[PDB]
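The block underneath contains the structure these notes are about, expressed in structure tokens.
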Amino acid sequence: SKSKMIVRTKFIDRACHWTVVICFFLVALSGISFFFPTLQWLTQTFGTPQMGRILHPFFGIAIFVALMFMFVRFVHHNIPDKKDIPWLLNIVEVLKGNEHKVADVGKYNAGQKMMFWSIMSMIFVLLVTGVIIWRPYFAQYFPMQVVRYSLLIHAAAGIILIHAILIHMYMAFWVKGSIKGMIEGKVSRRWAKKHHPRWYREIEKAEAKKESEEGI
Amino acid sequence: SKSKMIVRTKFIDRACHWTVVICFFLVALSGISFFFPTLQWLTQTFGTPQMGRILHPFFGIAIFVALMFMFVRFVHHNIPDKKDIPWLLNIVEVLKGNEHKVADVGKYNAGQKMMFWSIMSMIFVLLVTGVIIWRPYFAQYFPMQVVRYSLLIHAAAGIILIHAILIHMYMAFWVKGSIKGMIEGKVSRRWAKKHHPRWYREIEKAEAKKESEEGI
Amino acid sequence: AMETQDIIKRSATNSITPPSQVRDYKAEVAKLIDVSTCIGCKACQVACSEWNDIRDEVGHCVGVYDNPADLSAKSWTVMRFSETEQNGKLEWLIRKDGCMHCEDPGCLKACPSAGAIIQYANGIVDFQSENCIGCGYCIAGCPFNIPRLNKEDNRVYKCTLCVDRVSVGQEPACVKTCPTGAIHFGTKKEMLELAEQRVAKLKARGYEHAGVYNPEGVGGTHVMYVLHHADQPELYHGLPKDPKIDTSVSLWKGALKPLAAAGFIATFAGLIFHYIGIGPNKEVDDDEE
Ligand code: HEM
Ligand code: HEM
Ligand code: HEM
Ligand code: HEM
Ligand code: SF4
Ligand code: SF4
Ligand code: SF4
Ligand code: SF4
């Protein structure tokens, strides 16, 4: 407990995350330009409308690949458990900035875990429906009816994921100190105590204990 | 005097203010796109030029309604008085960051009050001339000559208000600590002492006194 | 664009900013294909390509007279052949296939690019290629599987109802060329009249279910058929029975959009008013007092 910060995120997972964010900006905006044609400016997300049509799916694939790297590195820390119920029941209290008083928060809270699975499920849905509606490469192999359903679902999934990310960014901006941890990798012990009690308690113990195990 | 901050703005007036700001961004930019056609990008403020023509006046009306709510809640604190003269005479000194030395500043200073009435007068002018030039709904009822004058005046008023807001934003950015008070609602006592002496003195007295009136 | 000022529908255009259409007092036109008089000569395929300056590849024979085997960016109309005994004796049903120029076009409804697909007051639905982004949404939106992408420029093409001929007063190339007069052209009102007269004659010859194919599900079409067996359109190489814009496409291009719009606006409001109402969540909101 004698250090201003503690490492919350490794460089590799920070590099990935911000790669996903940049790709997502382009993919979400191009997608929105097809969804709401009145927002003409967005048809220039990838330069020209013709270019955007081509690149959207490629950058989409990149996001999926990167999110799968994130999946295998973060999933075990996002597993729902009985300790998450307390959170789910005092949501209104958590949003007022009083979560500590009402819940048991480990590495990532119950909201972050719900977001994680929402994000991971939607990118899978977007991958599958995206491939199906992809011309000229793949749409040809699918029955027209399947292509039609996929067009409906892909649009819906894309919108759901964008809403989710809006909320994910907000929260990140809201629980102050969070963005620095994702850019630099470190969180101050007090930030850990307030927003993620159980989690820091574990690092603190893992820490001290194994250093006490050495035999100072 | 034993609190980091003091409430300067209620939530209701903060919510309104930022609603006005968002609407103003869209209305000012669309208006500018008609005023300076060479700035083509601004014709997409509301998506397409055709859509912008339609929506500009509607969002304009919303701004007026919201500014009238602001008018009835802030006017009494913006009333010019003999104590404002000192300000008006050492403007050059105030701009160098030395207002305290030269003036008596209450809730809002003499510059803020001038801005307030400028803003409130212009939105009234814009409302009236705006309705007059509004096709297809209202322009038909007015003599062509009146429509022509209104086109000239509306453009002029719109430009004046945009200049005013530019200055209003700058000042807000300049007298540091100000934007937080409008977003969160609180100002630190020292900020009150330096920029608004008389005002904090009044809260301080109202405060302490009525708590001393209770009978501790 | 919009030089003709008679554009009644335009793709990806908000309903409150309609396309230029003041010059809309024009009679609707229509092509009527009487399959009972068709001899499957393919003159229409040849005349179409010759007039339109397009040439498909030299293909292969895989056991049937049909060739090319499907519509493509270089073949805007193709004859489709069907041999059947479903009605009691051998019949060779031959049908000219290509854009139906629907009154309510699914291609235009599904298209995400402003102005890429338009509908003229006279009923012609045409592609304005400068605006096509090659997404292919129109292929799925079309109830008749008509649009085809050109690999060489990433744009879709199809029968234009010879808009370049009709616009200046002349009938389409395939219409004029038809050896037996199986294809007719004129105002839709008089083509419907000719169709009913033909149906009456077919009934008099024993085809009790002869009828006009002008599907109400797409608002009627500007390319119609007279069929010996209107009760079984599938017999004519899969012509759809009661075609309509797919329900999934209607929902996707319809209600989903404003719903999403409301969510977005409402979400932005909520988050903004939320931040302002409660304020940031920093490490210590307590030692601030
Ligand atoms: C997982 C990989 C993805 C693939 C293969 C993919 C593929 C596609 C394709 C082929 C289209 C049709 C237009 C075009 O050809 O450009 C499309 C549309 C779209 N995509 Fe994706 N996409 C992917 C990911 C995403 C993601 C992550 C989002 C959300 C940010 C998204 C949102 C959209 C939207 C909103 C549309 C337009 C639907 C409409 O017109 O209503 N896509 N995508
Ligand atoms: C500019 C926008 C974004 C910002 C500021 C942001 C910020 C953050 C921060 C600060 C964290 C870690 C918080 C903590 O340490 O508890 C985080 C985690 C994460 N972010 Fe983002 N992010 C953004 C966009 C995205 C996007 C577009 C995606 C994917 C579609 C994404 C996926 C994730 C995932 C999967 C995690 C791990 C969370 C968990 O394991 O529960 N982020 N983000
Ligand atoms: C009070 C409510 C308002 C109404 C009813 C209104 C209405 C209008 C109308 C009908 C037009 C003509 C174009 C069109 O139909 O879109 C117009 C133009 C304009 N408005 Fe407004 N407006 C309002 C507020 C404002 C405000 C607050 C501003 C300044 C930010 C503004 C700045 C402009 C400008 C610069 C123009 C274009 C004049 C030119 O072409 O030189 N308007 N407004
Ligand atoms: C992004 C741009 C803007 C910023 C940063 C901003 C910031 C502020 C701040 C910080 C205050 C209160 C200062 C104090 O507590 O003494 C204020 C007050 C005010 N603002 Fe703004 N503002 C912006 C735009 C606007 C617009 C567009 C309008 C209306 C057209 C507006 C109208 C007002 C009014 C009427 C007041 C009350 C002042 C008084 O009563 O004298 N503001 N603004
Ligand atoms: S030209 Fe006429 S007869 Fe010949 S195949 Fe075409 S529609 Fe039939
Ligand atoms: S047949 Fe298909 S391509 Fe032709 S107008 Fe109808 S929906 Fe569009
Ligand atoms: S391929 Fe079809 S749906 Fe896509 S922009 Fe071109 S005409 Fe529109
Ligand atoms: S109407 Fe013109 S474009 Fe259409 S099939 Fe006939 S010849 Fe070709």
Side-chain angles (χ1 to χ4, degrees), chain A residues 31-38 40 43 48-54 56 94-99 133-136 139-140 142 144-156 158-160 162-164 166-167 169-171 173-178 187-195, chain C residues 11-14 16-17 106 110-116 130-137 139-143 145 149-151 153-156 245-253 256-261 263-264 266-268 270-272 274-275 277-286:
Chain A
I32 287 295
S33 78
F34 310 133
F35 194 89
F36 292 137
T38 296
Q40 287 289 293
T43 62
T48 66
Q50 285 68 32
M51 189 60 71
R53 187 280 298 173
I54 297 173
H56 176 95
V94 169
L95 299 180
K96 292 174 186 201
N98 307 328
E99 90 179 329
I133 68 180
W134 203 336
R135 294 183 189 275
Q140 55 194 13
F142 301 92
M144 197 63 71
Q145 212 46 34
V146 173
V147 174
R148 289 169 178 156
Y149 292 145
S150 300
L151 283 166
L152 168 53
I153 299 163
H154 193 87
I159 294 304
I160 289 169
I162 294 175
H163 278 259
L166 287 177
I167 293 165
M169 295 188 295
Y170 177 58
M171 295 305 243
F173 182 66
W174 180 57
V175 177
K176 304 295 183 176
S178 295
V187 288
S188 86
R189 301 187 183 270
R190 172 179 39 163
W191 180 96
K193 304 173 191 183
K194 179 175 177 187
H195 305 302
Chain C
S11 63
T13 301
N14 194 283
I16 67 173
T17 57
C111 178
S113 187
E130 68 184 329
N131 302 311
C132 183
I133 67 173
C135 68
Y137 283 9
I139 299 165
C142 174
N145 185 30
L149 282 161
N150 179 14
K151 61 176 180 300
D153 60 21
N154 305 322
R155 294 179 178 76
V156 288
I245 296 182
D246 180 88
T247 288
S248 69
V249 171
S250 292
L251 173 61
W252 157 48
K253 304 300 297 202
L256 181 62
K257 307 309 185 74
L259 286 173
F264 279 128
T267 291
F268 280 112
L271 300 187
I272 286 161
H274 172 274
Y275 186 79
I278 280 166
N281 183 350
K282 190 47 169 184
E283 306 180 351
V284 205
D285 78 335
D286 201 320

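So you know, we letter chains A, B, ... as the sequences are listed, proteins then strands, and number each from 1.
When heavy atoms are compared at a cutoff of 4.5 Å, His56(A) does not approach chain C at all. Heavy atoms closer than 4.5 Å to chain A are found nowhere in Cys111(C), neither backbone nor side chain. For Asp246(C), the part sitting under 4.5 Å from any heavy atom of chain A is the side chain, from C-beta outward, and nothing else. Heavy atoms of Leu95(A) lying under 4.5 Å from chain C belong to its backbone as well as its side chain. Contacts of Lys194(A) with chain C are made by side-chain atoms alone, with heavy-atom separations under 4.5 Å and no backbone atom involved. For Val175(A), the parts lying near chain C are the backbone and the side chain together; criterion is any non-hydrogen pair under 4.5 Å. The part of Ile278(C) that comes within reach of chain A is its side chain, from C-beta onward, which places non-hydrogen atoms under 4.5 angstrom from that chain. Only the backbone of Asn131(C) comes within contact range of chain A, with at least one heavy atom under 4.5 Å from a heavy atom of that chain. With a 4.5 angstrom heavy-atom cutoff, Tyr149(A) touches chain C via backbone and side-chain atoms both. For chain A, the nearby parts of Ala261(C) are the backbone and the side chain; heavy atoms of each come within less than 4.5 Å. With a 4.5 angstrom heavy-atom cutoff, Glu99(A) does not touch chain C via any of its atoms. Looking at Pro49(A), the atoms closer than 4.5 Å to chain C (heavy atoms on both sides) sit in the backbone and in the side chain alike.
Between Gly97(A) and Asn281(C), the shortest heavy-atom contact is CA-ND2, 4.4 Å. In plain terms, the two heavy atoms of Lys176(A) and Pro280(C) that are nearest each other are CE-CB, 3.5 Å.
Interatomic distance, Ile159(A) CD1 to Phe264(C) CZ, rounded to the nearest 0.5 Å: 4.0 Å. For the atom pair CZ (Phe268(C)) and NE2 (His163(A)), the distance works out to 8.5 Å, reported to the nearest 0.5 Å. Here the CG-OG1 distance, from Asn14(C) to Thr38(A), works out to 4.5 Å after rounding to the nearest 0.5 Å. Atom-to-atom distance recorded for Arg148(A):CZ and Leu251(C):CG is 14.5 Å, nearest 0.5 angstrom.
Ranking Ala260(C), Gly270(C), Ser11(C), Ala110(C) against chain A, the residue ahead of the rest is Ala260(C), based on heavy-atom pairs under 4.5 Å. Between chain C and the residues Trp134(A), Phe35(A), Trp191(A), the largest count of heavy-atom pairs under 4.5 Å involves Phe35(A). Comparing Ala114(C), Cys135(C), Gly141(C) by how many heavy-atom pairs each has under 4.5 Å with chain A, the most go to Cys135(C). Among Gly134(C), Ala12(C), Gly263(C), the residue with the largest count of heavy-atom pairs under 4.5 Å with chain A is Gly134(C).
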Practice item. Start with the C-alpha distance between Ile133(C) and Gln50(A), add both sets of side-chain angles, then the distance that settles side chain to side chain contact (heavy atoms under 4.5 Å, CB included), and finish with yes or no. Key: CA-CA 5 Å; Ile133(C) 67 173; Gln50(A) 285 68 32; 3.9 Å; yes

Report task. Applying side chain to side chain contact (heavy atoms under 4.5 Å, CB included), run through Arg135(A) and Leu149(C) and close with a yes or a no. Result -> CA-CA 9 Å; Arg135(A) 294 183 189 275; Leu149(C) 282 161; 3.9 Å; yes

Would you please test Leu256(C) and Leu152(A) for side chain to side chain contact (heavy atoms under 4.5 Å, CB included) and show each step? CA-CA 9 Å; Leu256(C) 181 62; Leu152(A) 168 53; 4.0 Å; yes

For this session: Please test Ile139(C) against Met144(A) for side chain to side chain contact (heavy atoms under 4.5 Å, CB included), starting from the C-alpha separation and ending with a verdict.
Result: CA-CA 9 Å; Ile139(C) 299 165; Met144(A) 197 63 71; 4.0 Å; yes

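A donor-acceptor pair is defined here as one N or O able to donate and one able to accept, closer than 3.5 Å; no such pair exists between the side chain of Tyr275(C) and the backbone of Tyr170(A). In this structure, the side chain of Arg190(A) does not engage the main chain of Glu283(C) through any donor-acceptor pair within 3.5 Å.
In this structure, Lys257(C) places its NZ atom where more than 12 heavy-atom neighbours from other residues, nucleotides or ligands lie under 6.0 Å away.
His274(C) and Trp174(A) have perpendicular rings, their planes meeting at more than 60° on a 0 to 90° scale where under 30° would count as parallel.
Between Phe173(A) and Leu271(C) there is no side-chain heavy-atom pair separated by less than 4.5 Å.
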